[PDB]
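This report refers to the structure that appears directly beneath it.
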RNA sequence: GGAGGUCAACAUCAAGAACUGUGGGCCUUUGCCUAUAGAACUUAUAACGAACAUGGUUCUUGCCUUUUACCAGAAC
RNA sequence: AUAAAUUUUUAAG
Ligand SMILES: [Mg+2]
Ligand SMILES: [Mg+2]
C-alpha cells in the first residue's frame, strides 16, 4: 500500500519507483 | 478539529456550521479559544457525511481537518484546602469516586420503577423519598442522604461541615451560586479542560467574610468554587477516562481466527461473546474497542 | 485513487492531477506536538472514507460503502445431491 | 391480410429529474395559475455502446540540438 | 512479519 512514501509518480525520476519496507530499523 | 484554510473566509464557515447543527441533529459543535472549531459526531461514516456536505453543498470553501481524535473525561480513584485571591472566602472541597452501580444507573435515566434504583433526576421530589432510594439501594450514607444538594450528569454534590449546623441559612442564600460554580466546573476540567465524570464532591468547608456583601458574594463565589473543585480533584489520584465502542462483527465461520488477530492488534482486544447464527454460516462476535 | 494520488497495492499508478503540493504555510495547526499518533492511517482508509481522513480532497467521489454479505451456498460436486439440502457449512440450529 | 429483410427514407435520443396535447382564469401572443388525456426508446454505483479509438487549441510536465513523430494529466 | 517494478522509434535538417 502507498502510505505517503514513494514519489508523486515515477515519470521524470528515471527510476522504477519501486519502494520496499526497510528490514533494517524496526524495534 | 476544523480550521478554514484561507482565514479570510472564516465568516462563511461559521454560517455553514449553523446550518449543519440543525440538519444533522446528533452533531455537537464546540468552539475554542484558539479560533479552531470542534465537531462531535457518532463515528467515521457520519463525519464523512458531514465533511462532504460541508465542503460541497453548504460552504463552498475548502478547509483543513485534523487527525481523527476522541473525547476524554477525568475522574479520581482513592489536608484539603482552597483559597480566594482575596481571602474572604476559603473553600475546602473533598471528592471521591462514585460507586460503579450508582453511575451505572445514572447513565441510564431511570424512573425507579419497582425496585429499580431511581435516577437522581427527581430532585424536586421529597428528599425523604429520594433518601429512601439511596439508603435503600446503595447502603448509602444516612446523614449524606439528607445532606445532598444537587447533581449533574456525571456527578453529585454533598455537604459535610459544621457551619451547616451553625449557619444553614446564610449558605442557603448562595447555594444557587455554588451550583453555578458546579456546572461551570463540570463543563471544564483541571487537566484537559474536558468533562469531569463520576466524581463525587463532598463539600468540606466554606468561609464567608464579615459584613457579607451584596454583589461581591454573587460573583466571587463561582471562580473560587471552580478552583475548589479542580483542587479537590487533583489530589484524589486523578485518572483519564476514555470511551469504548461495543463492536458487533458478523463473519463466516472459518474466518474466525483472522478476526481474532485484528483484535489482538488494535489494543481493544476484547471479544466477549461468540454467537452461532442458527441456520446460516455466520458468527456474531460481540466485543469492545476504544474509540 | 487518481484524484488523491494514491494506489491500491494492485491498482494503477497515475499522475498527480494537482502537481503542486509544494506550498506549505508554516503554522501551528498540524504540528507534531499537537498530534496523537494512534493507528498509522493507511492509504486504504484515505480511499475508503475520502473526505474524513484525507485533508483537502478535490474531485473525489463517494465510494458506495457496503453490501449485504452474500451467504450464497451451492454444490458443484455431486449432480445427484438434491436441490434443497442442508449443507454441513451451516449451523445446526 | 400475416410472417419476415445484415432494405431505404424521414423523425427522436442527455434534461427544472427534465415529455406532449387539451379545458378554464389573469396579464396583454408570450407568461403565470388551475383542470384533464396520453407518455415508445434511454438513464441512479447515472445512460443511447453492459463496449472503446483518434484529432484540434490551451495550459502543466517528460524525453531533450531543432520540426514532424512523441512522454502523461487537466480544461474546452 | 514485505508482498509497491519508469522506459523501448522513424524521417528531415
Ligand atoms: Mg532551421
Ligand atoms: Mg540545409
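I need the shape label for chain B. Rule: rounded when a/c is under 1.5, else prolate if a/b > b/c, else oblate, with a, b, c from the alpha carbon gyration tensor. In terms of gyration-tensor shape, oblate. Cβ-to-Cβ counts within 10 Å put B:49, B:76 in ascending order as B:49, B:76, the fewest first. Distance distribution P(r), chain C, all Cα-Cα pairs, bin width 5 angstrom from 0: 2, 9, 13, 14, 13, 9, 7, 7, 8, 7, 5, 4, 2, 1, 0 percent. The Rg/Rh ratio of region C:40-93, with Rg taken over Cα atoms and Rh as the Kirkwood radius over Cα pairs, comes to 1.33. For chain C, the 222 nm mean residue ellipticity estimated from helices alone, with every DSSP H stretch of n ≥ 4 adding -39500 (n - 2.57) and the total spread over all residues, rounds to -2000 deg cm²/dmol.
Peptide C:51-63 shows a mean partner chain C-beta count of 4 within 10 Å per residue C-beta.
Remark: spin-label model distance residue A:27-residue B:288 equals 3.3 nm, labels positioned 7 Å along the Cα→Cβ axis. Using a/c under 1.5 as the rounded threshold, could you call region C:9-63 rounded, prolate or oblate? The axes a ≥ b ≥ c are square roots of the C-alpha gyration tensor eigenvalues, and prolate needs a/b larger than b/c, oblate otherwise. Oblate, because a/c is 1.5 or more while a/b does not exceed b/c.
Over the residues of chain B, the helix contribution to mean residue ellipticity at 222 nm works out to -10500 deg cm²/dmol, using -39500 (n - 2.57) for each DSSP H run of at least 4. Find the centroid of the Cα atoms in region B:194-227 and in region B:40-112, then give the distance between the two in whole Å. Cα centroid to Cα centroid, the span is 22 Å.
Here the residues B:146, B:8, ranked from fewest to most Cβ neighbours within 10 Å of their Cβ, fall in the order B:8, B:146.
To the nearest Å, what is the center-to-center distance of region C:39-93 and region B:1-30, using C-alpha atoms only? Taking the Cα centre of each part, region C:39-93 and region B:1-30 sit 34 Å apart. For chain B, the share of DSSP beta bridges that are antiparallel, to the nearest 5, is 90%.
Every residue, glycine as well, gets a Cβ built from its backbone with ideal geometry; the counts of neighbours run over all protein chains shown. Every number in this text was worked out from the coordinates using simple rules, so none of it is lab data.
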